[PDB]
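According to the deposited numbering, the sequence shown is numbered sequentially starting from 499. In this text, a Cβ means the ideal position worked out from N, Cα and C, and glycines have one as well.
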Amino acid sequence: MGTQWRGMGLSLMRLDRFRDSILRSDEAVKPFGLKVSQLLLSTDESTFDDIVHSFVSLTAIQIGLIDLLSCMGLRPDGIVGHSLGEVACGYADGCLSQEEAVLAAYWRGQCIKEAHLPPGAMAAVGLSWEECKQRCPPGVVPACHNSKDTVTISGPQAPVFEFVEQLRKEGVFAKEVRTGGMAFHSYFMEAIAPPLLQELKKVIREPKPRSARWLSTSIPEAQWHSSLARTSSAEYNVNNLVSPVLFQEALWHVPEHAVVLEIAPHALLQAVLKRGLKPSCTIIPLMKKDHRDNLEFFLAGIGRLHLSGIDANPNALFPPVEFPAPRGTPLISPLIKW
Numbered sequence: 499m500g501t502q503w504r505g506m507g508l509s510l511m512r513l514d515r516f517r518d519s520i521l522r523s524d525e526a527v528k529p530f531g532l533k534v535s536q537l538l539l540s541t542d543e544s545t546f547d548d549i550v551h552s553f554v555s556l557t558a559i560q561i562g563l564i565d566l567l568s569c570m571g572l573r574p575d576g577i578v579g580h581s582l583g584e585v586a587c588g589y590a591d592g593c594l595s596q597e598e599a600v601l602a603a604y605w606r607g608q609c610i611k612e613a614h615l616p617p618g619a620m621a622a623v624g625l626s627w628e629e630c631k632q633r634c635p636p637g638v639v640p641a642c643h644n645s646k647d648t649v650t651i652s653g654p655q656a657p658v659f660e661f662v663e664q665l666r667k668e669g670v671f672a673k674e675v676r677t678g679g680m681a682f683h684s685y686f687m688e689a690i691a692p693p694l695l696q697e698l699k700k701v702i703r704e705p706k707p708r709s710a711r712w713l714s715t716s717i718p719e720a721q722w723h724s725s726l727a728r729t730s731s732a733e734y735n736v737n738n739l740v741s742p743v744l745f746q747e748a749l750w751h752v753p754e755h756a757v758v759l760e761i762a763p764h765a766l767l768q769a770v771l772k773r774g775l776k777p778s779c780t781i782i783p784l785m786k787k788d789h790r791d792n793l794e795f796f797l798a799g800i801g802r803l804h805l806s807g808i809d810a811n812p813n814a815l816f817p818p819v820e821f822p823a824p825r826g827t828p829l830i831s832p833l834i835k836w
């Protein structure tokens with residue numbers, strides 16, 4: 499969450515695969531009364547102010563991006579999530595059908611809305627996860643161990659402001675991350691889980707195993723072999739919603755020279771991944787907020803994937819060209835140089 503923007507994904511909707519993915523996702527969300535395509539196209543700022551719309555739109559965009567990448571034959575060797583988007587990881591690993599992921603996102607957003615919990619917000623400061631907890635004021639807990647210098651704290655808005663003032667008294671880098679009036683990964687989530695768990699158990703029918711490529715980020719490393727982490731069932735999603743995020747603890751396991759792709763409408767975690775990763779990793783954004791034309795950025799991402807040794811063919815994206823080619827196609831033999 500936190501990577502949405504006005505009219506995101508409109509440029510990528512011109513491609514056939516992305517549009518088909520969006521149409522399938524909308525058909526999945528049709529019964530409940532919101533259409534993803536209209537949300538994307540609409541321009542009123544209130545469209546993304548809501549939470550359910552933001553969640554559904556982000557999940558749909560990520561699923562469409564994964565479909566575009568899969569159209570080129572790419573299959574990941576690892577997977578990582580961050581707060582929401584663990585569902586996108588589920589789709590990427592085959593552990594959840596498209597309808598399953600979209601419905602899970604929508605129901606998360608719907609349950610969070612109806613909860614009627616008090617106001618909340620998140621602020622991430624330079625304090626380290628290990629040391630922040632001791633230095634954190636009562637009633638506020640570490641939210642996301644993003645990196646050795648970035649950590650998020652969730653809780654009541656007023657305590658967040660007071661601790662932000664205290665920290666700026668120290669001069670540290672503190673900012674209330676865009677949370678939309680609600681703070682996640684805290685005790686506030688304690689009440690939401692039960693109804694959410696029952697709803698999800700209603701939604702997902704047959705829990706399926708989580709492959710070894712997926713590296714969880716809600717269940718600590720000590721229990722990756724535990725029972726809960728074995729299968730991505732409503733229990734896993736509820737735990738992801740409730741507990742904090744061990745994102746930094748998950749990036750150590752990226753083998754050197756690994757190419758990392760940021761499947762997200764906006765590459766917010768690019769800066770975090772640049773310092774949390776090894777010195778020889780390659781990071782590709784795949785999208786930028788308020789870009790002139792996102793298709794060009796995506797194509798540049800695929801080209802930069804090409805430069806890194808990963809062979810991805812861009813022909814699969816566009817409609818095929820019938821053959822034999824028209825008479826007069828430029829000769830290719832002269833171009834080959836040794």
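DSSP places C634 in the coil class of the three-state scheme, outside both helix and strand. The C-alpha of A720 lies about 18 angstroms from the C-alpha of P707. At least 8 angstroms separates the beta-carbon of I651 from that of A689. The C-alpha of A769 lies about 29 angstroms from the C-alpha of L537. It is roughly 35 angstroms from the alpha-carbon of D565 to the alpha-carbon of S831.
Annotation for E674: the continuous beta strand (DSSP E) segment containing it runs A672 to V675.
Looking from the CA of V534, the closest CA among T827, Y604 and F661 belongs to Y604.
DSSP places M687 inside the alpha helix (DSSP H), whose first and last residues are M687 to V701. Under the three-state reduction of DSSP, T557 is assigned to helix.
Per the coordinates, the alpha-carbon of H751 lies some 19 angstroms from the alpha-carbon of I761. Rounded to the nearest angstrom, the gap between the Cα atoms of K528 and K772 is 39 angstroms. Bounds of any beta strand (DSSP E) do not take in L521; it lies within the alpha helix (DSSP H) bounded by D514 to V527. Here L567 carries a helix assignment [DSSP, helix/strand/coil].
Looking from the CA of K787, the closest CA among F546, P763 and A732 belongs to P763. Using a Cβ-Cβ distance cut-off of 8 angstroms, the segment 573–585 and the segment 815–831 are not in contact, since fewer than three pairs of beta carbons, one from each stretch, lie closer than that value. By the criterion of a C-beta distance shorter than 8 angstroms, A526 is surrounded in its chain by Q596, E597, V600 and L601, once the five residues flanking it on both sides are discounted.
Exposed is the label assigned to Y685, since fewer than 16 other Cβ atoms lie within 10 Å of its Cβ. Note that the C-beta distance between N738 and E584 is below 8 angstroms. The three-state secondary structure of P657, taken from DSSP, is helix.
In the pairwise beta carbon analysis, the segment 549–565 is classified as not touching the segment 629–645: fewer than three pairs are separated by under 8 angstroms. Scanning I549, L695, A732 and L759 for the CA closest to the CA of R802 turns up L759.
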